[PDB]
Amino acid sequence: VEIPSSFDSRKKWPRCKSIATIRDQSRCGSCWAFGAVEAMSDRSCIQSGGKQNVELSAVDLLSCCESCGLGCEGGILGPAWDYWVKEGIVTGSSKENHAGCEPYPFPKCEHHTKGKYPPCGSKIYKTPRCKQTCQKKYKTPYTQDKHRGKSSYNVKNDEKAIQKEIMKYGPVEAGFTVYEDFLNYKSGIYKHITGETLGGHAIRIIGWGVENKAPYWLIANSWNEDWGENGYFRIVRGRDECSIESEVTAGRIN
């Protein structure tokens, strides 16, 4: 197929509100899980013709997947998509919107930036308990509310493969290396210039473009809408910048 020089998942599939939805992991290293349930949410809408147009529970994946790592202290991407395939994940929204089977237990906060939420600070909450019981308000039982995928795969570390995957099947989950200068990102096309290795961050790639010939990925972060470019950022594409093309992870409902 032909690869357009620019692509936005939001514009291809605007009926799928989840694609334009920026989330907040709060005081928890639950990025890995957010990136998973965000892209799963998108892909469930894209691939089911809207039949499943849902907001999948971040906390449900966080607390119940035993094979997915250290929960709020960090997680493993491939295992999260495997769990979605094998057990499925229920619906569940933010703590503030309290919708779905299992809403997020943690409140929104500001991540190394200014805005309308209290600051996140540097503390980390304890990984929530696996509950398997929808809120009283919600009218589907837990086991019934499970949304499963059918496949779970790594995407090849190739710009052109990642592009075709997103454009055909929807947004993907990706891993990249956080250096200290990323935490000061306000706007523009990010690339590492200064700062020590801090860790690894798991986000959602929704498309790409160019800005005066500069190739970039378009990425939804999970640090609320006040962070960065109304919750998104862009980053250098095609150079494996901060390993952004190296652990692309997705799957399909068929």
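Here, rigid core means the biggest group of C-alpha atoms that superpose within 1.5 Å across both forms. Note that residue numbering follows the sequence shown and begins at 1.
Colleague: C-alpha RMS from this form in 8 other deposited structures of this protein, rigid core superposed: larger for 167 to 175 or 134 to 142?
Modeller: Farther from the shown form on average in 8 other deposited structures of this protein: 134 to 142.
Colleague: Give the stretch, out of 49 to 57 and 187 to 195, with the larger mean C-alpha temperature factor in the deposited entry.
Modeller: Going by the record's values, the stretch with the higher mean is 49 to 57.
Colleague: Tell me which of 86 to 94 and 136 to 144 has the higher mean C-alpha B-factor in the deposited entry.
Modeller: Between 136 to 144 and 86 to 94, it is 136 to 144 that shows the higher mean C-alpha B-factor.
Colleague: When you compare the CA B-factors of 221, 41, 67, 212 as listed in the entry, which one comes out on top?
Modeller: Result of the comparison over 221, 41, 67, 212: 67.
Colleague: Determine which member of 180, 102, 73, 165 has the highest CA B-factor, using the values in the deposited entry.
Modeller: Going by the entry's C-alpha B-factors, 102 comes out highest.
Colleague: Taking the C-alpha B-factors as the PDB entry records them, is residue 171 in the lowest, middle or highest third of its chain?
Modeller: For residue 171, the deposited C-alpha B-factor lands in the lowest third.
Colleague: Looking at the entry's B-factor column for C-alpha atoms only, identify whether residue 3 ranks in the lowest, middle or highest third of its chain.
Modeller: Within its chain, residue 3 is a middle-third residue by C-alpha B-factor, going by the deposited values.
Colleague: Looking at the C-alpha B-factor of residue 248, is it in the lowest, middle or highest third of its chain?
Modeller: For residue 248, whose C-alpha B-factor we compare with every modelled residue in the chain, the answer is the lowest third.
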